[PDB]
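Consider the single chain below, provided in structure tokens and representing the form deposited in one PDB entry.
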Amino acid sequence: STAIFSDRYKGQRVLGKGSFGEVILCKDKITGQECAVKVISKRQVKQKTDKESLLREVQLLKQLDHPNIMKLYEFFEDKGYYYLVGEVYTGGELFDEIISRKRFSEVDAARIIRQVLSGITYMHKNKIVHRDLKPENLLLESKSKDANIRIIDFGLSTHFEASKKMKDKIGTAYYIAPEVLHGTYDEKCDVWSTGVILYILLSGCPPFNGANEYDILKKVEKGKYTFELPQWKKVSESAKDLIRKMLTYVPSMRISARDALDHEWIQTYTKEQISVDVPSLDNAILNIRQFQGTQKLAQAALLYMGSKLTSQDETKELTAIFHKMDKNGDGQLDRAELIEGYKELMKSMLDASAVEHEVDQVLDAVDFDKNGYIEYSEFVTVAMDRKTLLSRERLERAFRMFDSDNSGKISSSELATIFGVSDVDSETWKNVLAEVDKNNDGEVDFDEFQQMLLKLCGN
């Protein structure tokens, strides 16, 4: 008598959007236990393996316990999706915590990387590979300063094919091992990705960089990088040595995770007391804040455009569904019919209970309430404005966070960087600017930027 996810768990709120789908904060309807549920849509995400292979991996993952690996509790499957139920962590992504600090040293970076290597070492002993390791996959257990790191998504890449949409692969190219690109890879690919992360922690710049995804990959495939940035003069020789060993091109010659744990640099800078020479890496922390702000604004711009395209689709679809449900032809509908069409639109709303409450938030939001006969036209406007909120609000937030000098504007040099990261062709975005403001002087305010994004998604 195979069990059913929504019989045991109720959705509370959305936590985020990650690799392969949405992560939802959920609650056990009996015990009250809160959990983070990754919901994988079978239609959007193709499987690479067979069901037998996926179920065996899940059964193994549930039995593993390590302080630096996200704990998986439960797995469910229905007709339309897969549900992975794990422990919820509230510290956010590591890099977003790092940029809030005013002090950051080699000791802080070694504490960090020792946890990651310790988690990876354990999973490789159990023959599980991550493959897609990156800063976004490093969560902090809690918002405390002393918080442990938890790696998420260990093992999913083997069974599910990653999205080819740019909104989903932002900041993936920097960390992928070169052997992964060419097809023959093993567990050493996780040491490479960790090496890239360490390079960034100590310099604030990716070792392999470029103006678009494909230029970055051309750099990764060649394998060449350097330590001639000025801020490497402040960094121990020991740390550089570990990096060279992790970023070794030929995987059989690259250091193992387990050996990396024993490296002098990890042994020296993780002893809690000895500060033999420990400066603060001020340039690095500010490079990381620039890096992070750039990536967050490009990501928010793509989700803004995506949300605007969805709201065009859903507005028209919902209107045609309501039109056909309107047997009177008077343009009015009752509550149950509004619920029925919104559910028909279906295909965060994990059960019928989720839908009824969204509709109720909109019927409350219909300003003042007359009960029986509701103007389907206005419900559509408000239901959809609701859906875009998180993404327009988030767009402005990310613009303000990128504009660190509070100038109110972003330069065309900055736009080139942002649109390169978002993979929007150069000729295309300038044509668009030229049409928004025929007189501009190489910089745009938030409203102009916003108008550019709308033109770049056909509005």
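For every residue, the number given is its place in the sequence shown, counted from 1.
Unmodelled deposited residues between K347 and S348, binned: Some 4 to 9 residues are missing between them.
For the stretches 423-431 and 53-61, which has the higher mean C-alpha B-factor as given in the deposited record? So the stretch with the higher mean C-alpha B-factor is 423-431.
Look over 183-191 and 106-114 in the entry and identify the one with the greater average Cα temperature factor. That would be 106-114.
Could you check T90, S275, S252, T226 and tell me which one carries the biggest Cα B-factor in the deposited entry? Going by the entry's C-alpha B-factors, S275 comes out highest.
Would you mind checking which of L94, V85, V220, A365 has the top Cα temperature factor in the PDB entry? It is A365.
Sort the modelled residues of this chain by their C-alpha B factor and say whether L390 lands in the lowest, middle or highest third. Highest third, going by the recorded CA B-factors of the chain.
Lowest, middle or highest third: where is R244 by C-alpha B factor in its chain? For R244, the deposited C-alpha B-factor lands in the lowest third.
Looking at the C-alpha B-factor of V45, is it in the lowest, middle or highest third of its chain? Tercile = highest for this residue's CA B-factor.
Thinking about Cα B factors across the chain, which third does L286 belong to? For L286, whose C-alpha B-factor we compare with every modelled residue in the chain, the answer is the highest third.
Lowest, middle or highest third: where is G210 by Cα B-factor in its chain? CA B-factor rank for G210: middle third.
Keep in mind the form deposited in another entry is missing from the figure; the text below concerns it.
Identified hinge, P251, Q312, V180, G293, relative rotation of rigid parts between this form and the one not shown: Looking at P251, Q312, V180, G293, only one falls at a hinge: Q312.
With a C-alpha distance change of 3 Å or more, do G306 and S353 lie closer or farther in the other form? It is closer: the C-alpha separation of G306 and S353 falls by at least 3 Å in the other form.
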